[PDB]
Amino acid sequence: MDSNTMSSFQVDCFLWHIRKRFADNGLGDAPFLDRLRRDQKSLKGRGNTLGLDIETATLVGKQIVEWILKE
């Protein structure tokens, strides 16, 4: 198990969460919404492969992104 592979999955999970909240506000165009739907399926596949739960990975990703942007 690779630390960077796990961190990369966590960040992608959190950024998908940001994309989903943007989309919930009705701001996405059709290609944006197509990427959102396809990426959710890819993230579920990646999580199953890594043995990582998406809800947990999203919360870890939130902390990673907040730490990244504090600088």
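We place every Cβ from the backbone using ideal geometry, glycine too, and count neighbours over all the protein chains shown. We did not get these values from a lab; they are worked out from the coordinates using the rules stated.
Of all residues in the stretch 6-60, which are part of a loop (DSSP other than H, G, I, E, B) and surrounded by 15 or more Cβ atoms within 10 Å (Cβ to Cβ)? Selection gives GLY28, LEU52. For the stretch 36-43, the criterion of being in contact with a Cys (Cβ under 7 Å, 6 or more places away or on another chain) and of a type outside the set (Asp, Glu) is satisfied by at least one residue.
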